[PDB]
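Engineer: Sequence below, structure please.
(2 chains)
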Number of protein chains: 2
Amino acid sequence: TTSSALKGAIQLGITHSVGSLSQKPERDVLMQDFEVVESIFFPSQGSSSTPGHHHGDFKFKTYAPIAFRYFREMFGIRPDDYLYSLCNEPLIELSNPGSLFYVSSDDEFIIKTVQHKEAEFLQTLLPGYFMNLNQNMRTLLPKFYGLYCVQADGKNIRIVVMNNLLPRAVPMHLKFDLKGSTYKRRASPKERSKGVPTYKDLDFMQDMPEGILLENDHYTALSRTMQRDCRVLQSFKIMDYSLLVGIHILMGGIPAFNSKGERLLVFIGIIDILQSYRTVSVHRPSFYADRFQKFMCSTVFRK
Amino acid sequence: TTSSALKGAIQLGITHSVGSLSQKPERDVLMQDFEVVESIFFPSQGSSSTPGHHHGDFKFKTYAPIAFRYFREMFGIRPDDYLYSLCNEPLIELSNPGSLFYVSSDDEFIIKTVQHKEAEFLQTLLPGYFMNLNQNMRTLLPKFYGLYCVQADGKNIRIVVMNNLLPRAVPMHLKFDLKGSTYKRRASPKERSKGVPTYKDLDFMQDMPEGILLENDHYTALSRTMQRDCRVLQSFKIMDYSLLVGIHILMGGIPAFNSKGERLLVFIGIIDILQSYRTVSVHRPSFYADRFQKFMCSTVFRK
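Structural biologist: Residues are numbered from 1 along each chain as shown, chains lettered A, B, ... in the order given. Shown next is the protein structure:
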């Protein structure tokens, strides 16, 4: 039960870590806060912790606690809802190729697994992530809610908690994953035997040759924050990220769009961020991010 | 003419540096931006610059240009007004013991001189200063508008541009400079032969034994952002700063206050910041900042 052992510790780990944060009074974030790493150990019969069929014996670390309560707050995630969704309702597994990929019962939170490299990375990129939120409210970047580590019998599973663009609340008729490149960028046979498959660039150019149409006001805004997100991402030497796009042929938090003659609710966000600088040229990530926006404006079309 | 040589270069230096920034389109700040140092050289007869009786021959460096346009913007300093006030109206000198202390004609900007140490410092503390603005709008900290350096015949005069709490627009009947300490913290004989002298702690405790009274709403707010500013300052290992307080016995941007029976417009802000970590204990700055607020609540009184 590699999984059930993890599944429980994560729920038990967060209840404590975040629960006990909520007794302390809130106070602004300082630079020092991004580097903190608070831990706590979870024995079977520890008074101040709890025992468990899950909690056989382990330690639970949470990175940058105070930054993440900020980030949650700024995302509008009331902590009661956070730790209800995660720790109180049986979260559910999901195949997606040692790394796991869990999801909340309410399907508003993804819990991914991440390698030591990709995790320490994220950690270093918190201050830019902060500088981003506070300057670009409509940022299509991933919404990171938390970063933790379940150290288990001499092995560390580190995990990231984040939003889940396309939640299941509103149905998705179409899903595209887009990089602005082309090579082997079709869907696998397996993938198109799904119900609402996630197509890719080449698929999009033959299946949606007419673009996805937007009114000048909505397009302007989108162009604007693509450009901005791309400038950030570029700054961090990041690449191989894609624009996940949920089409809904109609809390409609989407944009006003049109097919080749019909009303739409698109739903989009940038994904697969944590990958940068470990042999690409010094001007590669720039090229990648130009290609990106320039292409997302044969994807999202105007007038 | 050590001074007139500086006075002109500063005006000529900023016009160019900031003027030419305004042709480029605005774009968000990134962490990389805090470390940039842009320069430009000012010969007598340089086409793309200008000549000058002031500009005999010098180089002009501006630190973190893009962060400072952000900070200006956030302070509501329209750049046309910035470089009119500074570069277009004859700024005026001021004794205040090689360091000079200029002021704008309109008296809305102080131009101080700073040593290599205190300047590089400020530079390192920009990201926290950013994290502060964006989290505490009513921050009693200094408003840094710009940081530059006039390299002159093989010597660097570095200078800081900032707000000027008590401007002369509204008259100041009383001025206090307060640290929450006491030792040799009286006014010099010279100082009290001024018109509107800047008294200090001991003076304040005998001259204002009745506090400075505030209504629960206004006091709450003040307490709150003292506490917060002090937490920031503490974080940066900073001390020997004071609360400059302008009393006006009545664009009234002050707070509602009362004397021992009369209406008031107080005007306050934290000053003398750039001094930290260069032999004080690891918990000294904390002690300094506790003393501070705890004392500023025998200075600013409630109910």
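
Engineer: What segments of the stretch 1-150 of chain A are helices?
Structural biologist: Secondary structure of the stretch 1-150 of chain A (DSSP state H, counting those that start in this stretch): helices at A:2-19, A:65-75, A:79-87, A:116-124, A:126-133.

Engineer: Redo those helices as CSV? Include distance to residue B:25 and mean neighbour count.
Structural biologist: For every residue, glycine as well, the C-beta is placed using N, CA and C. Below are the helices of the stretch 1-150 of chain A laid out as CSV (distance: least, CB to CB, whole Å; neighbours: other CB atoms under 10 Å in any protein chain shown):
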stretch, distance to residue B:25, mean neighbour count
helix A:2-19, 42, 18
helix A:65-75, 27, 19
helix A:79-87, 39, 17
helix A:116-124, 29, 15
helix A:126-133, 19, 20
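
Engineer: Looking at those, which is nearest to chain B?
Structural biologist: Among the helices of the stretch 1-150 of chain A, helix A:126-133 comes nearest to chain B, with 5.2 Å by CB to the nearest CB.

Engineer: hmm, who's touching the closest one?
Structural biologist: Identification of contacts with helix A:126-133 by CB atoms under 8 Å, 6 or more residues apart in numbering or on different chains yields A:29, A:31, A:34, A:64, A:67, A:70-71, A:74, A:139, A:141, A:144, A:229, A:232, A:235-236, B:28-31, B:127, B:130-131.

Engineer: what does stretch A:241-248 give?
Structural biologist: A:140, A:165-166, A:170-179, A:198, A:212, A:233, A:254, A:264-273, A:275, A:292, A:296, A:299.

Engineer: which of those residues count as buried?
Structural biologist: Among the contacts of stretch A:241-248, those classed as buried by 16 or more other CB atoms under 10 Å in any protein chain shown are A:140, A:165-166, A:172, A:174-179, A:198, A:212, A:233, A:254, A:264-270, A:273, A:292, A:296, A:299.

Engineer: Which ones among those also lie next to chain B?
Structural biologist: Near chain B, taking CB under 8 Å from any CB of the partner chain as the test, no member of the buried ones among the contacts of stretch A:241-248 is found.

Engineer: Let's see which of the residues you listed end up in strands.
Structural biologist: Applying DSSP state E to the buried ones among the contacts of stretch A:241-248, the entries found in strands are A:174-178, A:198, A:264-265, A:267-270.

Engineer: Just the closest of those residues to chain B, please.
Structural biologist: The closest of those, once distances to chain B are taken by CB to the nearest CB, is residue A:270, at 15.8 Å.

Engineer: Contact partners for the closest residue in space to that closest one that isn't next to it in sequence?
Structural biologist: Excluding its sequence neighbours, the residue lying closest to residue A:270 (CB to CB, 6 or more residues apart in numbering or on different chains) is residue A:140, at 4.8 Å. Taking CB under 8 Å, 6+ apart, we find residue A:140 in contact with A:225-226, A:229, A:243, A:268-270.

Engineer: What about the residue of chain A found nearest chain B, how many residues nearby?
Structural biologist: Nearest residue of chain A to chain B, counting by CB to the nearest CB: residue A:134, 4.1 Å away. Residues near residue A:134, counting by other CB atoms under 10 Å in any protein chain shown, number 17.

Engineer: cool, and residue A:235?
Structural biologist: With other CB under 10 Å as criterion, residue A:235 counts 20.

Engineer: what's the first-to-last distance across stretch A:235-252?
Structural biologist: One end of stretch A:235-252 to the other measures 32 Å (CA to CA, to the nearest Å).

Engineer: Then stretch A:100-113?
Structural biologist: With CA to CA applied, stretch A:100-113 spans 5 Å between its terminal residues.

Engineer: likewise stretch A:161-178?
Structural biologist: This stretch, stretch A:161-178, spans 23 Å end to end (CA to CA).

Engineer: Which residues of the stretch 1-150 of chain A lie near chain B?
Structural biologist: Counting by CB under 8 Å from any CB, the stretch 1-150 of chain A sits next to chain B at A:27-32, A:127-128, A:130-132, A:134-136.

Engineer: mind running it again at 6 Å?
Structural biologist: Residues of the stretch 1-150 of chain A found near chain B (CB under 6 Å from any CB of the partner chain) are A:28, A:30-31, A:128, A:134-135.

Engineer: Same list, those residues, but as JSON lines with distance to residue A:161 please.
Structural biologist: JSON lines is the format used below for those (distance: CB to CB, whole Å):
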{"residue": "A:28", "distance to residue A:161": "22"}
{"residue": "A:30", "distance to residue A:161": "23"}
{"residue": "A:31", "distance to residue A:161": "23"}
{"residue": "A:128", "distance to residue A:161": "19"}
{"residue": "A:134", "distance to residue A:161": "21"}
{"residue": "A:135", "distance to residue A:161": "24"}
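
Engineer: Counting neighbours, what do you get for residue A:142?
Structural biologist: When neighbours are counted by other CB under 10 Å, residue A:142 registers 20.
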